[PDB]
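What follows is model.pdb (PDB, N, CA, C and O atoms).
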```
ATOM      1  N   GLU A  16      -0.594  -1.848  -8.239  1.00  0.00           N
ATOM      2  CA  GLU A  16      -0.438  -3.258  -8.699  1.00  0.00           C
ATOM      3  C   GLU A  16       0.440  -4.041  -7.726  1.00  0.00           C
ATOM      4  O   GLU A  16       0.599  -3.650  -6.569  1.00  0.00           O
ATOM      5  N   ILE A  17       1.025  -5.144  -8.202  1.00  0.00           N
ATOM      6  CA  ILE A  17       1.854  -5.972  -7.340  1.00  0.00           C
ATOM      7  C   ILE A  17       3.057  -5.178  -6.854  1.00  0.00           C
ATOM      8  O   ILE A  17       3.516  -4.233  -7.505  1.00  0.00           O
ATOM      9  N   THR A  18       3.565  -5.558  -5.680  1.00  0.00           N
ATOM     10  CA  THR A  18       4.678  -4.878  -5.021  1.00  0.00           C
ATOM     11  C   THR A  18       5.834  -5.858  -4.848  1.00  0.00           C
ATOM     12  O   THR A  18       5.987  -6.471  -3.781  1.00  0.00           O
ATOM     13  N   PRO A  19       6.666  -6.034  -5.875  1.00  0.00           N
ATOM     14  CA  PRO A  19       7.812  -6.942  -5.761  1.00  0.00           C
ATOM     15  C   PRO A  19       9.077  -6.230  -5.317  1.00  0.00           C
ATOM     16  O   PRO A  19       9.373  -5.106  -5.731  1.00  0.00           O
ATOM     17  N   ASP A  20       9.835  -6.895  -4.451  1.00  0.00           N
ATOM     18  CA  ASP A  20      11.119  -6.413  -3.952  1.00  0.00           C
ATOM     19  C   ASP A  20      11.024  -5.067  -3.244  1.00  0.00           C
ATOM     20  O   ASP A  20      12.056  -4.475  -2.912  1.00  0.00           O
ATOM     21  N   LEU A  21       9.814  -4.562  -3.014  1.00  0.00           N
ATOM     22  CA  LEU A  21       9.587  -3.406  -2.163  1.00  0.00           C
ATOM     23  C   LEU A  21       8.970  -3.819  -0.838  1.00  0.00           C
ATOM     24  O   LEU A  21       8.462  -2.969  -0.103  1.00  0.00           O
ATOM     25  N   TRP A  22       9.018  -5.108  -0.517  1.00  0.00           N
ATOM     26  CA  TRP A  22       8.308  -5.609   0.649  1.00  0.00           C
ATOM     27  C   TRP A  22       8.854  -4.997   1.927  1.00  0.00           C
ATOM     28  O   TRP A  22       8.092  -4.680   2.847  1.00  0.00           O
ATOM     29  N   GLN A  23      10.170  -4.809   2.005  1.00  0.00           N
ATOM     30  CA  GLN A  23      10.766  -4.353   3.251  1.00  0.00           C
ATOM     31  C   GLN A  23      10.319  -2.955   3.640  1.00  0.00           C
ATOM     32  O   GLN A  23      10.562  -2.542   4.776  1.00  0.00           O
ATOM     33  N   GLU A  24       9.695  -2.212   2.733  1.00  0.00           N
ATOM     34  CA  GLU A  24       9.065  -0.949   3.079  1.00  0.00           C
ATOM     35  C   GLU A  24       7.562  -1.083   3.232  1.00  0.00           C
ATOM     36  O   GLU A  24       6.974  -0.467   4.121  1.00  0.00           O
ATOM     37  N   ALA A  25       6.923  -1.877   2.374  1.00  0.00           N
ATOM     38  CA  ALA A  25       5.476  -2.007   2.436  1.00  0.00           C
ATOM     39  C   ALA A  25       5.031  -2.657   3.741  1.00  0.00           C
ATOM     40  O   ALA A  25       4.095  -2.180   4.389  1.00  0.00           O
ATOM     41  N   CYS A  26       5.706  -3.728   4.155  1.00  0.00           N
ATOM     42  CA  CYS A  26       5.294  -4.425   5.368  1.00  0.00           C
ATOM     43  C   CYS A  26       5.407  -3.528   6.592  1.00  0.00           C
ATOM     44  O   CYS A  26       4.523  -3.525   7.450  1.00  0.00           O
ATOM     45  N   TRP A  27       6.496  -2.775   6.702  1.00  0.00           N
ATOM     46  CA  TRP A  27       6.648  -1.898   7.854  1.00  0.00           C
ATOM     47  C   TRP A  27       5.710  -0.703   7.801  1.00  0.00           C
ATOM     48  O   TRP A  27       5.346  -0.162   8.847  1.00  0.00           O
ATOM     49  N   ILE A  28       5.319  -0.263   6.608  1.00  0.00           N
ATOM     50  CA  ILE A  28       4.335   0.814   6.513  1.00  0.00           C
ATOM     51  C   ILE A  28       2.992   0.368   7.078  1.00  0.00           C
ATOM     52  O   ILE A  28       2.360   1.093   7.852  1.00  0.00           O
ATOM     53  N   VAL A  29       2.528  -0.825   6.706  1.00  0.00           N
ATOM     54  CA  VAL A  29       1.235  -1.264   7.222  1.00  0.00           C
ATOM     55  C   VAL A  29       1.316  -1.546   8.713  1.00  0.00           C
ATOM     56  O   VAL A  29       0.342  -1.335   9.443  1.00  0.00           O
ATOM     57  N   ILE A  30       2.460  -2.027   9.195  1.00  0.00           N
ATOM     58  CA  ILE A  30       2.609  -2.254  10.627  1.00  0.00           C
ATOM     59  C   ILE A  30       2.594  -0.934  11.383  1.00  0.00           C
ATOM     60  O   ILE A  30       1.965  -0.818  12.439  1.00  0.00           O
ATOM     61  N   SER A  31       3.267   0.085  10.852  1.00  0.00           N
ATOM     62  CA  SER A  31       3.252   1.388  11.502  1.00  0.00           C
ATOM     63  C   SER A  31       1.845   1.969  11.539  1.00  0.00           C
ATOM     64  O   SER A  31       1.445   2.593  12.526  1.00  0.00           O
ATOM     65  N   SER A  32       1.080   1.771  10.467  1.00  0.00           N
ATOM     66  CA  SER A  32      -0.313   2.209  10.460  1.00  0.00           C
ATOM     67  C   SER A  32      -1.120   1.496  11.535  1.00  0.00           C
ATOM     68  O   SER A  32      -1.921   2.122  12.236  1.00  0.00           O
ATOM     69  N   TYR A  33      -0.913   0.191  11.684  1.00  0.00           N
ATOM     70  CA  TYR A  33      -1.620  -0.564  12.712  1.00  0.00           C
ATOM     71  C   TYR A  33      -1.372   0.014  14.098  1.00  0.00           C
ATOM     72  O   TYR A  33      -2.308   0.209  14.878  1.00  0.00           O
ATOM     73  N   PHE A  34      -0.116   0.297  14.423  1.00  0.00           N
ATOM     74  CA  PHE A  34       0.190   0.824  15.744  1.00  0.00           C
ATOM     75  C   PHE A  34      -0.230   2.277  15.907  1.00  0.00           C
ATOM     76  O   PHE A  34      -0.283   2.765  17.040  1.00  0.00           O
ATOM     77  N   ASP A  35      -0.496   3.013  14.824  1.00  0.00           N
ATOM     78  CA  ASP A  35      -1.117   4.332  14.908  1.00  0.00           C
ATOM     79  C   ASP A  35      -2.588   4.225  15.290  1.00  0.00           C
ATOM     80  O   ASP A  35      -3.063   5.010  16.102  1.00  0.00           O
ATOM     81  N   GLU A  36      -3.328   3.272  14.724  1.00  0.00           N
ATOM     82  CA  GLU A  36      -4.728   3.092  15.089  1.00  0.00           C
ATOM     83  C   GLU A  36      -4.844   2.485  16.477  1.00  0.00           C
ATOM     84  O   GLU A  36      -5.389   3.103  17.399  1.00  0.00           O
ATOM     85  N   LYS A  37      -4.330   1.273  16.645  1.00  0.00           N
ATOM     86  CA  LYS A  37      -4.337   0.605  17.935  1.00  0.00           C
ATOM     87  C   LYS A  37      -3.030   0.913  18.649  1.00  0.00           C
ATOM     88  O   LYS A  37      -1.955   0.826  18.056  1.00  0.00           O
ATOM     89  N   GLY A  38      -3.127   1.278  19.916  1.00  0.00           N
ATOM     90  CA  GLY A  38      -1.957   1.483  20.746  1.00  0.00           C
ATOM     91  C   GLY A  38      -1.362   0.155  21.154  1.00  0.00           C
ATOM     92  O   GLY A  38      -1.466  -0.848  20.441  1.00  0.00           O
ATOM     93  N   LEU A  39      -0.734   0.146  22.326  1.00  0.00           N
ATOM     94  CA  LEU A  39      -0.157  -1.070  22.873  1.00  0.00           C
ATOM     95  C   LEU A  39      -0.962  -1.638  24.029  1.00  0.00           C
ATOM     96  O   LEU A  39      -0.638  -2.727  24.503  1.00  0.00           O
ATOM     97  N   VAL A  40      -1.997  -0.936  24.490  1.00  0.00           N
ATOM     98  CA  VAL A  40      -2.772  -1.386  25.637  1.00  0.00           C
ATOM     99  C   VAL A  40      -4.252  -1.415  25.288  1.00  0.00           C
ATOM    100  O   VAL A  40      -5.104  -1.227  26.159  1.00  0.00           O
ATOM    101  N   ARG A  41      -4.571  -1.652  24.017  1.00  0.00           N
ATOM    102  CA  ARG A  41      -5.962  -1.553  23.589  1.00  0.00           C
ATOM    103  C   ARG A  41      -6.835  -2.595  24.261  1.00  0.00           C
ATOM    104  O   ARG A  41      -8.021  -2.344  24.496  1.00  0.00           O
ATOM    105  N   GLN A  42      -6.289  -3.762  24.582  1.00  0.00           N
ATOM    106  CA  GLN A  42      -7.023  -4.848  25.227  1.00  0.00           C
ATOM    107  C   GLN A  42      -7.493  -4.466  26.633  1.00  0.00           C
ATOM    108  O   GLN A  42      -8.606  -4.811  27.015  1.00  0.00           O
ATOM    109  N   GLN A  43      -6.702  -3.684  27.380  1.00  0.00           N
ATOM    110  CA  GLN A  43      -7.133  -3.125  28.662  1.00  0.00           C
ATOM    111  C   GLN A  43      -8.328  -2.201  28.439  1.00  0.00           C
ATOM    112  O   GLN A  43      -9.412  -2.440  28.960  1.00  0.00           O
ATOM    113  N   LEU A  44      -8.135  -1.177  27.611  1.00  0.00           N
ATOM    114  CA  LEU A  44      -9.110  -0.111  27.421  1.00  0.00           C
ATOM    115  C   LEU A  44     -10.409  -0.628  26.816  1.00  0.00           C
ATOM    116  O   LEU A  44     -11.497  -0.240  27.248  1.00  0.00           O
ATOM    117  N   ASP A  45     -10.318  -1.499  25.814  1.00  0.00           N
ATOM    118  CA  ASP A  45     -11.525  -1.998  25.168  1.00  0.00           C
ATOM    119  C   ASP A  45     -12.384  -2.813  26.123  1.00  0.00           C
ATOM    120  O   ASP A  45     -13.610  -2.663  26.146  1.00  0.00           O
ATOM    121  N   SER A  46     -11.766  -3.689  26.912  1.00  0.00           N
ATOM    122  CA  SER A  46     -12.544  -4.490  27.851  1.00  0.00           C
ATOM    123  C   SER A  46     -13.217  -3.624  28.906  1.00  0.00           C
ATOM    124  O   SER A  46     -14.392  -3.827  29.222  1.00  0.00           O
ATOM    125  N   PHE A  47     -12.497  -2.650  29.462  1.00  0.00           N
ATOM    126  CA  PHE A  47     -13.110  -1.806  30.486  1.00  0.00           C
ATOM    127  C   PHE A  47     -14.250  -0.983  29.912  1.00  0.00           C
ATOM    128  O   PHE A  47     -15.289  -0.827  30.554  1.00  0.00           O
ATOM    129  N   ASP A  48     -14.067  -0.407  28.727  1.00  0.00           N
ATOM    130  CA  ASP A  48     -15.114   0.366  28.078  1.00  0.00           C
ATOM    131  C   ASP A  48     -16.324  -0.526  27.792  1.00  0.00           C
ATOM    132  O   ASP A  48     -17.449  -0.136  28.058  1.00  0.00           O
ATOM    133  N   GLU A  49     -16.140  -1.755  27.315  1.00  0.00           N
ATOM    134  CA  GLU A  49     -17.261  -2.666  27.085  1.00  0.00           C
ATOM    135  C   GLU A  49     -17.986  -3.030  28.384  1.00  0.00           C
ATOM    136  O   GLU A  49     -19.219  -3.018  28.413  1.00  0.00           O
TER     137      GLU A  49
END
```
Go ahead and express the file in the form of structure tokens.
Amino acid sequence: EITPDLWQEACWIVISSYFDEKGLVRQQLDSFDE
């Protein structure tokens, strides 16, 4: 359900997940592969 006053953990969890999927140089690699 809703996540009140737990934002300071939820937001960083989704951000950490994002950087697990996409690295820091994905724009280099994706363009060259395409």
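What separates atom O of residue 33 of chain A from atom N of residue 45 of chain A is a distance of 13.7 Å.
Between atom CA of residue 46 of chain A and atom CA of residue 26 of chain A the separation is 28.7 Å.
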Would you compute the box with edges along x, y and z of the file around segment 41-47 of chain A, including every atom the file lists for it and 4 Å extra on each side, and give its centre and edge lengths in Å to one decimal, as AutoDock Vina command-line options?
```
--center_x -9.9 --center_y -2.5 --center_z 27.1 --size_x 18.7 --size_y 12.7 --size_z 15.0
```
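Within chain A, the backbone-based DSSP assignment of alpha helix (DSSP H) covers residues 22, 23, 24, 25, 26, 27, 28, 29, 30, 31, 32, 33, 34, 35, 36, 41, 42, 43, 44, 45, 46, 47 and 48 of chain A.
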One decimal, in Å: what's the spacing between atom C of residue 25 of chain A and atom C of residue 39 of chain A?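 Spanning atom C of residue 25 of chain A to atom C of residue 39 of chain A is a straight-line distance of 21.2 Å.
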